[PDB]
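> Please find the sequence and an experimentally derived structure below.
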Amino acid sequence: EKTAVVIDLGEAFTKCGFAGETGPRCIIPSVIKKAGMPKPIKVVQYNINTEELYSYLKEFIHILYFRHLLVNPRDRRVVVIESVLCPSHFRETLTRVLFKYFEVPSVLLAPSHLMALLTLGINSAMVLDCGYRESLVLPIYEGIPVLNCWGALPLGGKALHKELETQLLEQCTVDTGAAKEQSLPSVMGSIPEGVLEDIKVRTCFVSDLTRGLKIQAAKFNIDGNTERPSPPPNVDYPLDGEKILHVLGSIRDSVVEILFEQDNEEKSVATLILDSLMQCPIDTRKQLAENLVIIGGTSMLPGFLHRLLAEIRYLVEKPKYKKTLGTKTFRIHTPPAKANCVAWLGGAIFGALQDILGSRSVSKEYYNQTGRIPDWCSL
Amino acid sequence: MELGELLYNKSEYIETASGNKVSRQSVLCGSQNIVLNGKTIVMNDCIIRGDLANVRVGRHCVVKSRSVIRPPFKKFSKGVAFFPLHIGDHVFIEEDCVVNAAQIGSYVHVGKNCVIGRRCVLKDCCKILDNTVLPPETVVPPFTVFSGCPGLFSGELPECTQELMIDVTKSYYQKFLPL
Amino acid sequence: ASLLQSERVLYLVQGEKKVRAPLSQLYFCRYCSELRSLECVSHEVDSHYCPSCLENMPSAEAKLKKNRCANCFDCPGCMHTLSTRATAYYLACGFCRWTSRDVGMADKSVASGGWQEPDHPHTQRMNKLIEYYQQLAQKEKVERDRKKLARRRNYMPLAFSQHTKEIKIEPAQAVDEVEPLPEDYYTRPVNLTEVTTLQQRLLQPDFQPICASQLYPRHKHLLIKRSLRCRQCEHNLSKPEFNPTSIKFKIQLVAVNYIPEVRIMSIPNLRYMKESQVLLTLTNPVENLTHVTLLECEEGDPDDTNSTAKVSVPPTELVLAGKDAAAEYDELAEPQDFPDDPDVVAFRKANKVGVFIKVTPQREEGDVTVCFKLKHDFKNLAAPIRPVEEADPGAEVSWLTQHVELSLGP
Amino acid sequence: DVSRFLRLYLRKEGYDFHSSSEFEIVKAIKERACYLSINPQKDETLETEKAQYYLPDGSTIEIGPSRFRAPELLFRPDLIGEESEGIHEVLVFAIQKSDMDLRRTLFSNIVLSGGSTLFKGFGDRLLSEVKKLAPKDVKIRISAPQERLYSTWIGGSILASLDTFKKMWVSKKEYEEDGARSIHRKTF
Amino acid sequence: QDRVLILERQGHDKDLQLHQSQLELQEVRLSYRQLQXXXXXXXXXXXX
Amino acid sequence: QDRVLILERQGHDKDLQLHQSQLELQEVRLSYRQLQXXXXXXXXXXXX
Ligand SMILES: Nc1ncnc2c1ncn2[C@@H]1O[C@H](COP(=O)(O)OP(=O)(O)O)[C@@H](O)[C@H]1O
Ligand SMILES: Nc1ncnc2c1ncn2[C@@H]1O[C@H](COP(=O)(O)OP(=O)(O)O)[C@@H](O)[C@H]1O
Ligand SMILES: [Zn+2]
Ligand SMILES: [Zn+2]
Ligand SMILES: [Zn+2]
């Protein structure tokens, strides 16, 4: 047998490499540069025609299997990591591309949350997945994902990128280099997603709960006269060479707060753990609480894990969660690989198990016969 | 334009000798060391300096206007000297292009206003796109396209370059006639 | 390819998936009679090589070395192949002036041998987890095998004989409080030079560092030499074992090297009416062809069609002479002079024939597109023949129709 | 719970309804288009029409297989992973728990009440699911009224109108004197 | 009997390898004929 | 078991066939490599 390849198709970035390795070999933006198109189209797009999606995935998988990885597709197996409740037609297409065009031996559709649990070694743990599109949580108890007690909110990368763009356009101060030393607002109508992502990573950080709670009430201005903490210094960011955008200190520590803002509904990234944990079985409560896992690149943002764990323990004392989750000890697990590449590492650890892989995985001979991929929906 | 090469009428003033046509406008300071064995074209306002050179060019070589081919200086501890470059067979240097390259391979299409760095080797059957910067001491494999300010692998070329490029340079030469 | 706009006039492929591609990109399948696209054909892996130091590495060595060259390095700041400079060696880039001294890597006495990448921090914990799950997976295999052979036997779990060292990993300890964001981040100027961008962060995925001083230069990525193999046909094309510094094909096969290539020599006016002159060069030494067909009525995907090209011309026998010919060497009677065809045929040079197509532009607003079918006598040589020993009359008799789609500039 | 599980399957079709306001239109989608198949396995293998539903904003959503496999979780709650008996089971178990003499008459008189019986082909499925669990050659009549949603109130309206109700209710002065039990003891 | 089934599977797998090798023999043998032609051409071209 | 014995003898014969085929393929590959070396010599002449 040969070392099975692991792929993990995401909206922002795709993880690729081989099984039984310390981390992924290639990690790249999930896009393709088609002739005529100035900006490259995104390879994973939900709610489009199958033929157009088929062509994009055919183009992308080709780049992964030749330019990034150097190996024959037909020779060795595949371990496709994809999140639970991934759209039906997308997963059906992705398999149909691998089985028909590339003619792979067998694909294994592992849920990202159960794979993240294997990397630690613990059999039972709560898993939060703060991705690009949606920040999803799914309790895993001793190998069994509990779909009953699922939770998701659109407070990921996309929702954060959009919030940054909005704030920058309000307090817009750019030095074009054409008598634009004076503050010039909205010279460009929209900012490209590639720039916004680079600003987010380098400039913006996650504030402490004490400082963050003041920032929330400050921008609200709820019958108070200038009750904001002192912001960090303003950082100057180059746009397309000559144009120098002066990023305000307030924007850096306020953009993140949309994730941890209550917004009346009581629906934050913090609340989603406690909302799910309260809905879980009464016996499983204390085991899941003690074993928390925080995967996804959105949680890589500096000082996110401290704010989350703090915001949890504050929301615990709130009267809604005070009865059930009152006297619970919330402890976070530190996975071996980085927060972005926890999902991938599980699939590699699973891919190294050649004996179990072949049995669980769906063979091409079965797919060609039936034409029915197994899912958590009815058969 | 749609596969077919288009007409280009040259003026009376041009040095036509043994097939090799060289525009009189285009200075080539150092005529001794530079050598053009085949039926080469050098368009107006182009430079081929003899700064301790040995500039050998192809059978059907083409260099469009405002374009420079200068040899690079090798930073050697023994002795600092200008390395003699060798342009390959059927080489197409595009307009306004800068070339400080040592050993340019055969059957290559160098793009418009693209700066190739010092001591840069190019292997046969490659293509550099327009508005691109190849840094000093870089190599580009066959059936490749290098682009961007970094100057890195963009993709692969069509399989039939060796056969196709012959038609292009020979057609341009044949189509390029006096008025 | 690019200088002349090959991406204009396209040829169609037959099968499940119909594709419009330039003849330059397409490949002809000789085993059967059907040209197929780079998309349609299956891709293989032959050889690995470094783009800087062109060294053909074997498949086994690549797996050990993680598809990388040991000697060559790529800079982390910008993506370019580094160069060794002495004073006793330091690694430096040409484009950007990033050095190995900047991040604080010590200079090596030996040139290539000294340089290395640090071991992965969670490599020991990795192997322990694999071996735990490997032992645990092996138990499930034995359980699944024992269960399956019991079902196959169909003895209803009949007890003939008596039924029925452990590896235990310790699960990772959960920290009570994770390390808070350092108070430096509050009230400190952020230099964008010091912190690293996402692109250069993600190129080093094993321990993607925020600071630049931590970010080490990764080994240069090895490139691939593609070999094509079809569904119906077996082989198609391939590359030598010394693809480094070579432009030779072990088996040369391409649509332009069999099917007669069409090119638009002259482009007329685009104002509702014109007469366009197109050439039809042959590639084969001795053959016959014809551009008679008008692409039927609403058949063979003529949806792109935005004009009515007549091309009402009978077959014209053209031949290629693989030799350096003079300007009008000899005038052949039966090939050239007999079919004079002054209205139809524009000019007839060596391996060349110009043909006037009567297009009807401005049927839509703009972007004029013409569909026409081209026929050719394909000397397939499918049957066993050594230097054309067999007559190959039935092969030559076979008329292959390629649905061409020419797109005028507009 | 059927509205909650439909939201999950709608995300599996690729339409998110994350907001608490957006939960209300999932309840509207359920109430508009969700039919209970007599055989669930046959309808899954059959290719769906993908019937379009129009949202308040004007946008269209193709529901497809989520339409029928959402309200199935009433009759089979183990599928999602909820430890319960099921709507067919609780009806039969309630009759089987009662004395043997009454079982025949209780099967012969079943009444559907509430809004979560109005699902298209609910009575058709329940009749089939009850028959296989219930004893053979027993008459099973599931007598649904036309006003199932408003049946519970109409009962109270009739009960309230009767002169017997005057005796049944607890007076304000009675609650002050008797104590807390007053409401509990008079309930039945 | 398990040994019989396993040995039958081993023979079947060896036959699958044989069939793959035969397909490769045909395709790469047409390739080798092309390469023989190419080697003749290469000798002629070496002379030239 | 007797049928399986016949099958096993045939399988051993087919394994011998596999050995012969692999030997022929390797020998032809070596001959082609020598021809490629000759071609490389020709290419050196061409470079000169
Ligand atoms: N190393 C990092 N540091 C900070 N932010 C990151 C980092 N890597 C990714 N991100 C951000 O977090 C997001 C993570 O998305 P990812 O989990 O890769 O995608 P998906 O959820 O589709 O699998 C990215 O879109 C990016 O904005
Ligand atoms: N026509 C309908 N079709 C399907 N489901 C319906 C329909 N009408 C109501 N429902 C469902 O039933 C619920 C109404 O329950 P209801 O009968 O009011 O309960 P109760 O008896 O406690 O008052 C709605 O919220 C909806 O989920
Ligand atoms: Zn074929
Ligand atoms: Zn190298
Ligand atoms: Zn650099």
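Yep, it's here. Numbers count the residues shown, from 1 in each chain, chains lettered A, B, ... in the order given. Ligands and ions are numbered 1, 2, ... in the order given.

> Closest residue of chain D to ligand 3?
In chain D, no residue comes nearer to ligand 3 than residue D:47, which is 33.4 Å away by C-beta to the ion. Yep, even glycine has a C-beta here, placed from its N, CA and C like the rest.

> before we move on, what about chain C?
Relative to ligand 3, the nearest point of chain C is residue C:29 (2.8 Å; C-beta to the ion).

> Return the distance of residue D:59 relative to residue A:85.
Taking C-beta to C-beta, to the nearest Å as the measure, residue D:59 falls 21 Å from residue A:85.

> re earlier: neighbours around the residue of chain D closest to ligand 3, how many?
7 (other C-beta atoms under 10 Å in any protein chain shown).

> try the one 10 residues further on
The number of residues packed around residue D:57, counting by other C-beta under 10 Å, is 6.

> same question, residue D:21
Neighbours of residue D:21 under the rule other C-beta under 10 Å: 10.

> What helix or strand is it located in?
Residue D:21 is part of helix D:20-32, with elements assigned from DSSP states H and E.

> which helices and strands sit right next to the following helix or strand past that helix?
Counting by DSSP H and E, the next helix or strand C-terminal to helix D:20-32 is helix D:40-45. Packing contacts for helix D:40-45, counted by 3 or more C-beta pairs under 8 Å, 6 or more residues apart in numbering or on different chains; DSSP states H and E, involve helix D:66-69.

> circling back: of residue D:59 and residue A:85, give the one with the bigger neighbour count.
It is residue A:85, of residue D:59 and residue A:85, that has more neighbours when counted by other C-beta under 10 Å, with 23 against 9.

> Confirm for me that that one is in contact with residue D:10.
No - here residue A:85 lies out of contact with residue D:10, judged by C-beta atoms under 8 Å, at a distance of 9.6 Å.

> what's the closest non-adjacent residue to the residue in the stretch 1-150 of chain C that chain E sits nearest to?
The nearest approach of the stretch 1-150 of chain C to chain E comes at residue C:149, 7.2 Å away (C-beta to the nearest C-beta). Residue nearest to residue C:149 in three dimensions, not counting chain neighbours: residue E:2, with 7.2 Å by C-beta to C-beta, 6 or more residues apart in numbering or on different chains.

> any idea how far residue A:245 is from the nearest residue in space to residue A:183 that is not next to it in sequence?
What sits nearest to residue A:183 in space, not counting adjacent residues and going by C-beta to C-beta, 6+ apart, is residue A:173, at 4.4 Å. As defined by C-beta to C-beta, residue A:173 lies at a distance of 7 Å from residue A:245.

> So what's the residue count around the residue of chain B found nearest ligand 4?
In chain B, the residue that lies nearest ligand 4 is residue B:139 (9.1 Å; C-beta to the ion). Residue B:139 has 21 neighbours, counted by other C-beta under 10 Å.

> What segments of the stretch 51-200 of chain C are strands?
Defined through DSSP state E, counting those that start in this stretch, the strands belonging to the stretch 51-200 of chain C, from first to last, are C:68-73, C:83-86, C:89-92.

> To chain A, which of those strands lies closest?
When these are ranked by proximity to chain A, the top entry is strand C:68-73, at 9.6 Å, counting by C-beta to the nearest C-beta.

> Parallel or antiparallel, which strands does the closest one pair with?
Paired with strand C:68-73 in the same sheet, following DSSP bridges, are strand C:219-221 (antiparallel).

> Now the element after the strand it pairs with, going C-ward?
strand C:223-229.

> Just the C-alpha atoms of that next one, please, in PDB.
Coordinates of each C-alpha in strand C:223-229 appear next as PDB, following Å, rounded to 0.1, in the frame of the first residue of the first chain:
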ATOM      1  CA  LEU C 223       8.500  20.700 -10.400                       C
ATOM      2  CA  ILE C 224       6.800  17.900 -12.400                       C
ATOM      3  CA  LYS C 225       7.200  16.400 -16.000                       C
ATOM      4  CA  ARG C 226       3.700  15.500 -17.200                       C
ATOM      5  CA  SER C 227       2.900  12.400 -19.500                       C
ATOM      6  CA  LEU C 228      -0.600  12.100 -21.100                       C
ATOM      7  CA  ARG C 229      -2.500   8.700 -21.400                       C
END
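
> Give the other helices and strands that it contacts.
If contacts are counted by 3+ C-beta pairs under 8 Å, 6+ apart, strand C:223-229 sits against strand C:42-49.

> can you list contacts of the strand it packs on?
Strand C:42-49 is contacted by residues A:62, A:65-66, A:70-74, A:103, B:141, C:55-59, C:62, C:67, C:222-231, C:238-239, C:241, C:243-244 when judged by C-beta atoms under 8 Å, 6 or more residues apart in numbering or on different chains.

> For ligand 3, what's the nearest residue on chain B?
Checked against ligand 3 (C-beta to the ion), the nearest residue in chain B is residue B:159, 16.4 Å away.

> so that residue touches residue C:255, yeah?
No - under the contact definition of C-beta under 8 Å, residue B:159 does not touch residue C:255, with a separation of 9.7 Å.

> who touches both of those two?
Counting by C-beta under 8 Å, 6+ apart, the residues touching both residue B:159 and residue C:255 are residue C:27.

> who are the neighbours in contact with whatever residue of the stretch 51-200 of chain C ends up closest to ligand 1?
The stretch 51-200 of chain C approaches ligand 1 most closely through residue C:198 (6.5 Å), counting by C-beta to the nearest ligand atom. Contact analysis of residue C:198 by C-beta under 8 Å, 6+ apart lists A:197, A:198, A:201.

> Name the member of these with the most neighbours.
Each of those was scored by neighbours using other C-beta under 10 Å; the highest score is residue A:197's, at 20 neighbours.

> and it, that one's in a helix?
Yes - under DSSP: H, G, I helix; E, B strand; the rest coil, residue A:197 falls within a helix.

> From chain D, how far off is the nearest residue to it once chain neighbours are set aside?
In space, and not counting its chain neighbours, residue A:197 is closest to residue C:198: 6.1 Å by C-beta to C-beta, 6+ apart. Per C-beta to the nearest C-beta, to the nearest Å, residue C:198 is found 26 Å from chain D.

> doesn't residue A:186 make contact with the residue nearest to residue A:183?
No - here residue A:173 lies out of contact with residue A:186, judged by C-beta under 8 Å, at a distance of 10.6 Å.

> ok, those two, which is more surrounded?
More neighbours surround residue A:173 than the other of residue A:173 and residue A:186, with 17 against 12 (other C-beta under 10 Å).

> Give me the phi and psi angles of that one.
Its backbone dihedrals place residue A:173 at phi -140, psi 90, with angles given as degrees, to the nearest 10.

> quick one, what contacts the most centrally placed residue in chain D?
For chain D, the residue lying nearest the average C-alpha position, counting by C-alpha atoms, centre = their mean, turns out to be residue D:116 (2.9 Å). With contact taken as C-beta under 8 Å, 6+ apart, residue D:116 is in contact with D:2, D:74.
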